[PDB]
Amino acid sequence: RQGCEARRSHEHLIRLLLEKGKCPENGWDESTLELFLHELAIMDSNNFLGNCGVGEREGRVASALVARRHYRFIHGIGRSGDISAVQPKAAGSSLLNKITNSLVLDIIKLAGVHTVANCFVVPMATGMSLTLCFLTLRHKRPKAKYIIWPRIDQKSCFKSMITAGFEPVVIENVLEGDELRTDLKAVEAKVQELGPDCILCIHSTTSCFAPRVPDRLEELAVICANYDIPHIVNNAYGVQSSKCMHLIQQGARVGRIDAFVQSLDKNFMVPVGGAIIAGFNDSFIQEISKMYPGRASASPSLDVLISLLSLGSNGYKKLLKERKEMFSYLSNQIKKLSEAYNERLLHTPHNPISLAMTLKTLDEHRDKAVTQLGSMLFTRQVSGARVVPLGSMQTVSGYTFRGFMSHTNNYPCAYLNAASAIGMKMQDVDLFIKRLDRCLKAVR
């Protein structure tokens, strides 16, 4: 009796997801969730009882291990041409995809950009996703050859411009105290020296390693609005930061932001290889969508859908709150640990995720020591702790960087990065701090 009435309780919660398309506040139980997924998957034609297929793409699976791990979703997302089209052979995977995007939109508002208009998950890394942005803009701006780009030493966002077949105009950053920041004069100087006509867009970055900080999106938004140049923001892991997101929201408010791009794995704790393209003008975001040729994996969407339904927005809020606390906590431990070493926490207030500590007391010249500290942390099972020494030469797609990983040619000292990224735990910091200590003692 209370049996089929128990079902209704899960049902109410699924109806709510579909009819409003926002995250649940509290996460779903696994039971509700898997129920939901089986429901969807049986909607796909490959999962019809007594189907017959005489096509070349019938979603036949050879290995039951493969079918089951994908919850029997096989046909991917989109149609032949358009990636945002309801697949006629896959009603269930189409709806998976629709819901997923909707949930992600919901979170992006929740995270600080309450005026975001439209977004979609794309099964590529952030780099290739940025590239798809550029490939779309080419068709809108025939004359353009150049992408203006405030320097940031990440091989993927840089390569994305070159993979799209454009030329990066590398605007160095300005040292303001400890921070490396947008050189607004140099940016406007280039627009004029090259002409709005010849600029594909300005390519800015929020989330980054200190001592760089998030670009001055407000001012760039204004510049772009004025010269009628597209603005594309690399927000790889900025969704988890209130500062980064408000900055984007304020940019949209006073000027022009055409699209911002975020990594799924970095913001949602899922496997690498997916991303979100998002914007404020609905039709442009659709256009980037339609520029994608063919059907794409449904795997990244499924993960994010699974992850958000289990968390609910309250669970994501909790991860965000804890990242903020873990950031303060990591900073204070590094203030304490540095002072003890006559090093200091570099003063980088405009960067809310990443931190840097001086390594001035290390004789890199005589006995490579900054570098020896590098491999030492890796072996001692510390990861994500980046060491940046002086005088790093790296070549990438032909362009040579001087001072690579410091986002500038001559930063005053070598330092060490650490970050409070989402899902970090207090044990992470304490182990890091203890192991760091141990490592320092063995070098100086």
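So that there is no doubt, residue numbering starts at 1 and follows the sequence shown.
Averaged over their C-alpha atoms, the temperature factors of 405-413 and 61-69 are higher for 405-413. Of the two stretches examined, 43-51 and 376-384, the record assigns the greater average C-alpha temperature factor to 376-384. Ranking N267, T358, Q154, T182 by Cα temperature factor from the entry places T358 first. Between the residues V213, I276, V370, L311, it is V370 that shows the highest Cα B-factor in the PDB record. Compared with the other modelled residues of the chain, the Cα B-factor recorded for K143 ranks in the highest third.
Ranked by C-alpha B-factor against the other modelled residues of its chain, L137 falls in the middle third. Per-chain ranking of the deposited C-alpha B factor places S420 in the lowest third. In the PDB entry, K243 places in the lowest third of its chain by CA B-factor. When the modelled residues of the chain are ordered by C-alpha B-factor, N342 sits in the highest third.
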